[PDB]
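Source file: data-v3.txt; contents: compact mmCIF, C-alpha atoms and all ligand atoms.
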# COMPACT_ATOMS: atom_id res chain seq x y z
CA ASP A 50 -91.08 -116.49 -274.78
CA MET A 51 -90.79 -113.14 -272.95
CA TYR A 52 -88.66 -113.00 -269.75
CA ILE A 53 -88.01 -110.51 -266.88
CA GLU A 54 -84.74 -108.98 -265.56
CA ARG A 55 -84.54 -107.02 -262.19
CA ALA A 56 -83.79 -103.28 -262.86
CA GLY A 57 -84.01 -101.44 -259.48
CA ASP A 58 -85.55 -101.17 -255.88
CA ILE A 59 -88.76 -98.98 -255.80
CA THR A 60 -87.66 -95.95 -253.70
CA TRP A 61 -88.09 -92.14 -253.83
CA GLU A 62 -84.63 -90.51 -254.63
CA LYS A 63 -84.01 -87.09 -252.96
CA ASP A 64 -82.45 -84.82 -255.67
CA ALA A 65 -83.91 -86.80 -258.57
CA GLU A 66 -83.99 -84.58 -261.77
CA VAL A 67 -87.24 -82.45 -261.61
CA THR A 68 -88.99 -81.82 -265.04
CA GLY A 69 -92.15 -82.02 -267.24
CA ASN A 70 -95.28 -79.79 -267.41
CA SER A 71 -98.87 -80.61 -266.06
CA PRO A 72 -101.49 -80.23 -268.82
CA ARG A 73 -105.27 -80.44 -268.12
CA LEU A 74 -106.59 -82.47 -271.12
CA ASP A 75 -110.10 -83.69 -272.13
CA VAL A 76 -109.75 -87.38 -273.27
CA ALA A 77 -111.96 -90.35 -274.42
CA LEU A 78 -111.22 -94.04 -273.50
CA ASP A 79 -112.46 -96.59 -276.16
CA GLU A 80 -113.29 -100.32 -275.55
CA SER A 81 -109.71 -101.23 -276.82
CA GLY A 82 -107.97 -99.22 -273.99
CA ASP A 83 -106.85 -96.36 -276.40
CA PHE A 84 -107.04 -92.80 -274.99
CA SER A 85 -107.77 -90.05 -277.60
CA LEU A 86 -107.76 -86.20 -277.50
CA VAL A 87 -111.35 -84.82 -277.48
CA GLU A 88 -111.34 -81.12 -278.50
CA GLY B 16 -87.28 -117.57 -259.94
CA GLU B 17 -86.68 -113.90 -258.90
CA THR B 18 -89.77 -113.11 -256.70
CA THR B 19 -87.90 -110.16 -255.06
CA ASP B 20 -89.90 -106.88 -254.68
CA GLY B 21 -88.82 -104.18 -257.24
CA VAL B 22 -88.90 -102.91 -260.90
CA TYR B 23 -88.17 -105.36 -263.81
CA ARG B 24 -87.60 -105.12 -267.57
CA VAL B 25 -89.85 -107.20 -269.93
CA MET B 26 -87.66 -108.65 -272.79
CA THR B 27 -88.35 -110.76 -275.98
CA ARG B 28 -85.97 -112.58 -278.42
CA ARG B 29 -88.72 -113.00 -281.14
CA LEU B 30 -87.58 -109.70 -282.82
CA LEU B 31 -83.90 -108.88 -283.68
CA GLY B 32 -81.48 -109.41 -280.71
CA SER B 33 -82.96 -109.05 -277.16
CA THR B 34 -85.60 -106.24 -277.24
CA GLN B 35 -87.26 -104.45 -274.26
CA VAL B 36 -91.03 -104.52 -274.93
CA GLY B 37 -91.79 -102.84 -271.55
CA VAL B 38 -91.49 -102.73 -267.69
CA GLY B 39 -93.23 -104.12 -264.57
CA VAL B 40 -93.46 -104.25 -260.78
CA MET B 41 -93.01 -107.21 -258.48
CA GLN B 42 -94.69 -106.79 -255.05
CA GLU B 43 -95.93 -109.44 -252.54
CA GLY B 44 -95.04 -112.24 -255.03
CA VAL B 45 -97.20 -110.71 -257.83
CA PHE B 46 -95.91 -109.23 -261.15
CA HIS B 47 -97.83 -106.11 -262.46
CA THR B 48 -97.43 -104.64 -266.02
CA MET B 49 -99.57 -103.17 -268.83
CA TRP B 50 -101.68 -105.57 -271.02
CA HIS B 51 -100.20 -104.09 -274.28
CA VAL B 52 -96.60 -105.09 -273.05
CA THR B 53 -97.28 -108.92 -272.72
CA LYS B 54 -100.71 -109.20 -274.45
CA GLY B 55 -101.51 -111.78 -271.62
CA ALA B 56 -98.64 -114.16 -272.48
CA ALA B 57 -96.65 -116.19 -269.87
CA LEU B 58 -93.26 -114.85 -268.60
CA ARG B 59 -89.92 -116.55 -267.72
CA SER B 60 -88.01 -115.60 -264.52
CA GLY B 61 -84.79 -117.70 -264.92
CA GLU B 62 -85.91 -121.38 -264.57
CA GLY B 63 -89.26 -120.02 -263.28
CA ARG B 64 -92.57 -119.54 -265.11
CA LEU B 65 -95.03 -116.64 -264.38
CA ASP B 66 -98.68 -117.28 -265.48
CA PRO B 67 -101.27 -114.51 -266.05
CA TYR B 68 -103.89 -114.41 -263.13
CA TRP B 69 -106.01 -111.22 -263.80
CA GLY B 70 -106.25 -108.68 -266.66
CA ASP B 71 -108.49 -106.12 -268.46
CA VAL B 72 -107.64 -104.67 -271.97
CA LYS B 73 -109.70 -101.52 -271.25
CA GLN B 74 -107.76 -100.63 -268.06
CA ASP B 75 -104.68 -101.94 -270.00
CA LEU B 76 -103.42 -103.90 -266.91
CA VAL B 77 -102.35 -107.49 -266.07
CA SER B 78 -101.15 -109.36 -262.92
CA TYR B 79 -99.14 -112.64 -262.78
CA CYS B 80 -99.20 -115.43 -260.09
CA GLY B 81 -101.80 -113.57 -257.94
CA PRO B 82 -104.34 -110.70 -257.84
CA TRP B 83 -103.48 -106.99 -258.32
CA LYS B 84 -101.65 -105.72 -255.11
CA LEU B 85 -101.00 -101.95 -255.79
CA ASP B 86 -103.74 -99.81 -254.06
CA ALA B 87 -102.04 -96.41 -253.33
CA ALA B 88 -103.49 -93.35 -255.17
CA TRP B 89 -102.22 -89.85 -256.22
CA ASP B 90 -103.62 -87.38 -253.56
CA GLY B 91 -104.26 -84.83 -256.39
CA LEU B 92 -101.82 -82.26 -254.91
CA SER B 93 -98.13 -83.45 -254.71
CA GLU B 94 -95.17 -84.01 -257.05
CA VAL B 95 -94.49 -87.78 -257.77
CA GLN B 96 -91.52 -89.73 -259.29
CA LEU B 97 -91.46 -91.78 -262.51
CA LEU B 98 -89.02 -94.67 -261.89
CA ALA B 99 -88.30 -94.72 -265.71
CA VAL B 100 -86.54 -97.90 -267.04
CA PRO B 101 -85.65 -97.05 -270.70
CA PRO B 102 -84.39 -99.79 -273.06
CA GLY B 103 -80.59 -100.44 -272.63
CA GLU B 104 -80.34 -97.61 -270.02
CA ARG B 105 -80.24 -97.67 -266.19
CA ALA B 106 -83.34 -97.15 -263.98
CA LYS B 107 -83.64 -93.40 -263.10
CA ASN B 108 -86.08 -91.31 -260.93
CA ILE B 109 -87.81 -88.24 -262.52
CA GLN B 110 -89.86 -85.84 -260.36
CA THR B 111 -92.88 -84.13 -261.88
CA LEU B 112 -96.23 -82.51 -260.91
CA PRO B 113 -99.00 -84.57 -262.56
CA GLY B 114 -101.54 -83.01 -264.94
CA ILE B 115 -105.18 -84.26 -265.44
CA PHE B 116 -107.06 -86.40 -268.01
CA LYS B 117 -110.71 -85.16 -267.79
CA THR B 118 -113.09 -88.04 -268.84
CA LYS B 119 -116.90 -88.57 -268.95
CA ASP B 120 -116.21 -91.14 -266.08
CA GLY B 121 -114.15 -88.78 -263.81
CA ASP B 122 -110.59 -87.33 -263.66
CA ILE B 123 -107.17 -89.24 -263.54
CA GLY B 124 -103.59 -87.96 -263.02
CA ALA B 125 -101.31 -87.61 -266.08
CA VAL B 126 -97.43 -87.51 -266.33
CA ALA B 127 -96.08 -85.33 -269.24
CA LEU B 128 -92.75 -87.25 -269.64
CA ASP B 129 -91.22 -88.53 -272.90
CA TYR B 130 -89.54 -91.94 -273.18
CA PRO B 131 -89.28 -94.74 -275.79
CA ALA B 132 -92.22 -97.21 -276.12
CA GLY B 133 -90.43 -100.03 -274.19
CA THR B 134 -90.50 -97.86 -271.02
CA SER B 135 -94.30 -98.72 -270.90
CA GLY B 136 -95.15 -100.12 -267.44
CA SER B 137 -92.52 -98.08 -265.47
CA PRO B 138 -93.92 -97.33 -261.97
CA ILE B 139 -95.08 -93.92 -260.57
CA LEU B 140 -94.32 -93.34 -256.81
CA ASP B 141 -95.58 -91.10 -253.94
CA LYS B 142 -93.21 -89.62 -251.29
CA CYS B 143 -93.46 -92.79 -249.09
CA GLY B 144 -92.27 -94.93 -252.13
CA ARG B 145 -95.71 -96.57 -252.79
CA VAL B 146 -96.70 -97.30 -256.43
CA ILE B 147 -99.75 -95.05 -257.34
CA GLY B 148 -99.84 -96.41 -260.95
CA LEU B 149 -98.01 -97.45 -264.16
CA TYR B 150 -96.72 -95.18 -266.99
CA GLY B 151 -97.23 -95.92 -270.70
CA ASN B 152 -100.92 -95.67 -271.66
CA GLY B 153 -101.83 -92.19 -272.89
CA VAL B 154 -101.86 -89.76 -275.77
CA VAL B 155 -99.55 -87.80 -278.17
CA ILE B 156 -100.45 -84.02 -277.93
CA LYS B 157 -100.07 -80.90 -280.20
CA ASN B 158 -96.23 -80.51 -279.76
CA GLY B 159 -95.55 -84.17 -280.75
CA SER B 160 -94.75 -85.04 -277.09
CA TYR B 161 -96.41 -87.85 -275.01
CA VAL B 162 -98.68 -87.62 -271.92
CA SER B 163 -99.38 -90.83 -269.94
CA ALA B 164 -102.35 -91.53 -267.53
CA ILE B 165 -101.44 -92.68 -264.00
CA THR B 166 -103.00 -96.16 -264.57
CA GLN B 167 -103.92 -97.98 -261.27
CA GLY B 168 -105.86 -101.23 -260.61
CA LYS B 169 -108.08 -102.27 -257.62
CA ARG B 170 -106.97 -104.53 -254.66
CA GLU B 171 -109.64 -107.05 -253.31
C1 LIG C 201 -93.72 -95.21 -273.03
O1 LIG C 201 -95.02 -95.57 -273.52
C2 LIG C 201 -95.33 -95.23 -274.79
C3 LIG C 201 -96.37 -95.90 -275.41
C4 LIG C 201 -96.70 -95.53 -276.70
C5 LIG C 201 -97.80 -96.19 -277.48
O2 LIG C 201 -97.64 -95.89 -278.88
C6 LIG C 201 -98.37 -94.90 -279.46
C7 LIG C 201 -98.11 -94.64 -280.78
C8 LIG C 201 -98.84 -93.63 -281.44
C9 LIG C 201 -98.59 -93.32 -282.88
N1 LIG C 201 -99.81 -92.86 -280.85
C10 LIG C 201 -100.03 -93.17 -279.55
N2 LIG C 201 -100.91 -92.58 -278.75
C11 LIG C 201 -100.72 -93.22 -277.59
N3 LIG C 201 -99.79 -94.18 -277.60
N4 LIG C 201 -99.35 -94.13 -278.87
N5 LIG C 201 -96.02 -94.56 -277.33
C12 LIG C 201 -95.00 -93.96 -276.66
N6 LIG C 201 -94.32 -92.95 -277.28
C13 LIG C 201 -93.29 -92.18 -276.60
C14 LIG C 201 -92.90 -90.98 -277.44
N7 LIG C 201 -92.26 -91.41 -278.68
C15 LIG C 201 -92.92 -92.58 -279.25
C16 LIG C 201 -94.34 -92.75 -278.73
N8 LIG C 201 -94.66 -94.26 -275.40

Hey, can you dump this file as structure tokens for me?
Ligand SMILES: COc1cc(COc2cc(C)nc3ncnn23)nc(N2CCNCC2)n1
Amino acid sequence: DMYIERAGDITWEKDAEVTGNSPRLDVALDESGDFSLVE
Amino acid sequence: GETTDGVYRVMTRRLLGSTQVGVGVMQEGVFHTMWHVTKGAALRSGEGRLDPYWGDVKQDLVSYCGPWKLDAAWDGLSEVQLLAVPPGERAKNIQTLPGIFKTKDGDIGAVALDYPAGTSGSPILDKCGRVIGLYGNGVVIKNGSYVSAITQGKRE
């Protein structure tokens, strides 16, 4: 048995930490829901 | 049970201790997470039971108690926030500009942010606070880092 616990309200936080890059990637999606890198 | 709007952890006791297998969103009485988190199984909310209502392994999504409710979409332009819920750590907003997954069926947003596997199903938000999709289905790239799609379902 899995169970759920509340973890937060869904809001936008002003002065959240800003990070991460923004790659443009070519990808395939199989019948199983797995994405893969096509190069 | 707890039907309150917001972000929730998904936990199991079938492994060692209590383990976070992933994350989810409650909205309008419906619970939304990724298929690979629950594999379609029922969920406990205190005394309460949640039963699976809709799902698709290829989209990697599942709803509980009712149909999919989240219809907002990335506008293709703006920063967004991952409301990341890592195992054993507190909720926490991260702001990022999305990248792009280019597919033979059209383009989707991607979030280049790195978290443990049990963060899968953490919600992505636009500036008005609306959920534009779930984090935790994607690819591992050159570096060794992870890039997730912005995975969104359809509202009837
Ligand atoms: C937060 O969501 C997830 C989900 C997943 C799914 O597992 C894997 C494993 C491998 C070998 N290759 C993969 N290609 C796509 N997903 N995928 N993995 C992760 N990560 C974060 C980074 N460290 C650990 C893997 N996060």

Practice task
Do me a favour and pick out the residues of chain B within 6 Å of chain A, using all atoms listed in the file, as number ranges by chain.
Solution key: B: 21-27, 58-60, 72-73, 75, 108-111, 113-118, 127-128, 144, 153

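Taking all atoms listed in the file into account, ligand LIG 201 (chain C) has within 6 Å the residues residues 129, 130, 131, 132, 133, 134, 135, 151, 152, 153, 154, 155 and 161 of chain B.
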
Problem - Computed interatomic separation between CA of residue 32 in chain B and CA of residue 136 in chain B (Å) - result: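 Going from CA of residue 32 in chain B over to CA of residue 136 in chain B covers 21.2 Å.
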
Exercise for the section: Quick one: pull the distance between CA of residue 49 in chain B and CA of residue 74 in chain B, Å, one decimal. Expected result: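 Computing it gives 8.6 Å between the two atoms.
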
Practice task
Considering all atoms listed in the file, return as a PyMOL selection string whatever protein or nucleic-acid residues lie within 6 Å of residue 41 in chain B, sequence-local ones (same chain, fewer than 2 positions apart) excluded.
Solution key: chain B and resi 20-21+45-46

Per-axis box centre and lengths in Å around range 159-162 of chain B, 4 Å margin per side, axis-aligned, as JSON:
{"center_x": -96.7, "center_y": -86.0, "center_z": -276.3, "size_x": 11.9, "size_y": 11.7, "size_z": 16.8}

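Across the structure, CA of residue 167 in chain B and CA of residue 43 in chain B are spaced 16.5 Å apart.
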
Close residues, range 77-88 of chain B itself excluded, 12 Å, all atoms listed in the file, min 5 positions apart in chain, as a compact mmCIF listing (two decimals) with C-alpha atoms, in the frame of the given file:
# COMPACT_ATOMS: atom_id res chain seq x y z
CA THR B 18 -89.77 -113.11 -256.70
CA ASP B 20 -89.90 -106.88 -254.68
CA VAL B 38 -91.49 -102.73 -267.69
CA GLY B 39 -93.23 -104.12 -264.57
CA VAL B 40 -93.46 -104.25 -260.78
CA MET B 41 -93.01 -107.21 -258.48
CA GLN B 42 -94.69 -106.79 -255.05
CA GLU B 43 -95.93 -109.44 -252.54
CA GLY B 44 -95.04 -112.24 -255.03
CA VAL B 45 -97.20 -110.71 -257.83
CA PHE B 46 -95.91 -109.23 -261.15
CA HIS B 47 -97.83 -106.11 -262.46
CA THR B 48 -97.43 -104.64 -266.02
CA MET B 49 -99.57 -103.17 -268.83
CA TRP B 50 -101.68 -105.57 -271.02
CA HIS B 51 -100.20 -104.09 -274.28
CA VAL B 52 -96.60 -105.09 -273.05
CA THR B 53 -97.28 -108.92 -272.72
CA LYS B 54 -100.71 -109.20 -274.45
CA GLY B 55 -101.51 -111.78 -271.62
CA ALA B 56 -98.64 -114.16 -272.48
CA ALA B 57 -96.65 -116.19 -269.87
CA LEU B 58 -93.26 -114.85 -268.60
CA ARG B 59 -89.92 -116.55 -267.72
CA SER B 60 -88.01 -115.60 -264.52
CA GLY B 63 -89.26 -120.02 -263.28
CA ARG B 64 -92.57 -119.54 -265.11
CA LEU B 65 -95.03 -116.64 -264.38
CA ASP B 66 -98.68 -117.28 -265.48
CA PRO B 67 -101.27 -114.51 -266.05
CA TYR B 68 -103.89 -114.41 -263.13
CA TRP B 69 -106.01 -111.22 -263.80
CA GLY B 70 -106.25 -108.68 -266.66
CA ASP B 71 -108.49 -106.12 -268.46
CA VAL B 72 -107.64 -104.67 -271.97
CA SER B 93 -98.13 -83.45 -254.71
CA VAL B 95 -94.49 -87.78 -257.77
CA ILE B 123 -107.17 -89.24 -263.54
CA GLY B 124 -103.59 -87.96 -263.02
CA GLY B 136 -95.15 -100.12 -267.44
CA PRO B 138 -93.92 -97.33 -261.97
CA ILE B 139 -95.08 -93.92 -260.57
CA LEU B 140 -94.32 -93.34 -256.81
CA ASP B 141 -95.58 -91.10 -253.94
CA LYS B 142 -93.21 -89.62 -251.29
CA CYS B 143 -93.46 -92.79 -249.09
CA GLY B 144 -92.27 -94.93 -252.13
CA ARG B 145 -95.71 -96.57 -252.79
CA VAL B 146 -96.70 -97.30 -256.43
CA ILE B 147 -99.75 -95.05 -257.34
CA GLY B 148 -99.84 -96.41 -260.95
CA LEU B 149 -98.01 -97.45 -264.16
CA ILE B 165 -101.44 -92.68 -264.00
CA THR B 166 -103.00 -96.16 -264.57
CA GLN B 167 -103.92 -97.98 -261.27
CA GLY B 168 -105.86 -101.23 -260.61
CA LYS B 169 -108.08 -102.27 -257.62
CA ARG B 170 -106.97 -104.53 -254.66
CA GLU B 171 -109.64 -107.05 -253.31
